[PDB]
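[1] Provide a 3D model corresponding to the input given below.
(one chain, ligands or ions: 1)
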Amino acid sequence: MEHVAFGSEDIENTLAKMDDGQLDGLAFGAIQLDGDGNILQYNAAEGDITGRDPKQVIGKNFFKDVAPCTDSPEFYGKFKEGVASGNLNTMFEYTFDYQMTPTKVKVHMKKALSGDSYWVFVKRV
Ligand SMILES: *C(=O)/C=C\c1ccc(O)cc1
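    Numbers count the residues shown, from 1 in each chain. Provided below are the atomic coordinates:
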């Protein structure tokens with residue numbers, strides 16, 4: 001178990017040191033995306049929420065392929081503006097509903113310390 005709290009103010013510093021098998025110890029879902037929304041990392045806790053096998057989603061586009069209910073101004077729209085701006089730190093609730101039981105979650109999106117990477121953190125509410 002890796003001790004990190006959802007929403008912590010220096011979470012990107014914390015996760016920088018972590019390997020993929022370390023990300024799997026987090027109490028919340030964590031996805032790492034490039035600027036184009038392609039999944040670079042995907043932890044086990046997100047797999048528990050969405051039903052995806054984490055290995056099978058790496059390389060796919062989060063907005064186009066994997067999570068199409070996120071393709072909207074309220075989610076994808078924010079990300080695309082954070083990528084354009086190169087700054088992003090936003091937290092909001094959303095309902096995941098694509099090919100799964102509708103589940104209400106808290107999403108936190110934040111820029112990584114990495115130069116062109118972005119985090120999406122997901123926990124149940
Ligand atoms: C809407 O599509 C949000 C999330 C999501 C993530 C994974 C899967 O498989 C479905 C939906």
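
[2] So is stretch 48-57 next to the ligand?
    Yes: contact of stretch 48-57 with the ligand (CB under 6 Å from any ligand atom) involves 50-52. For the C-beta atoms, the positions are set from N, CA and C on the backbone; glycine is no exception.

[3] Is it correct that residue 6 is in contact with residue 107?
    No: Residue 6 lies out of contact with residue 107 (CB atoms under 8 Å); the separation is 10.3 Å.

[4] Find the residues that touch each one of the two.
    Common contacts of residue 6 and residue 107 (CB atoms under 8 Å, 6 or more residues apart in numbering): residue 121.

[5] ok so, going back, which of the residues of stretch 48-57 next to the ligand sits closest to residue 64?
    Set against residue 64, the nearest of the residues of stretch 48-57 next to the ligand by CB to CB is residue 52 (14.6 Å).

[6] show me the contacts for that closest one.
    Counting by CB under 8 Å, 6+ apart, residue 52 has contacts 42, 46, 66.

[7] let's see it at 6 Å
    Residue 52 makes no contacts at all, as judged by CB atoms under 6 Å, 6 or more residues apart in numbering.

[8] Then residue 40?
    By CB under 6 Å, 6+ apart, the contact set of residue 40 is 32, 34.

[9] helix/strand/coil for it?
    strand (DSSP: H, G, I helix; E, B strand; the rest coil).

[10] quick one, strands of the chain?
    29-34, 39-42, 89-96, 103-111, 117-124 (DSSP state E).

[11] Find the nearest non-adjacent residue to whatever residue of the chain ends up closest to the ligand, please.
    In the chain, the residue that lies nearest the ligand is residue 69 (2.8 Å; CB to the nearest ligand atom). Leaving aside its chain neighbours, residue 69 sits nearest to residue 98 (4.5 Å; criterion: CB to CB, 6 or more residues apart in numbering).
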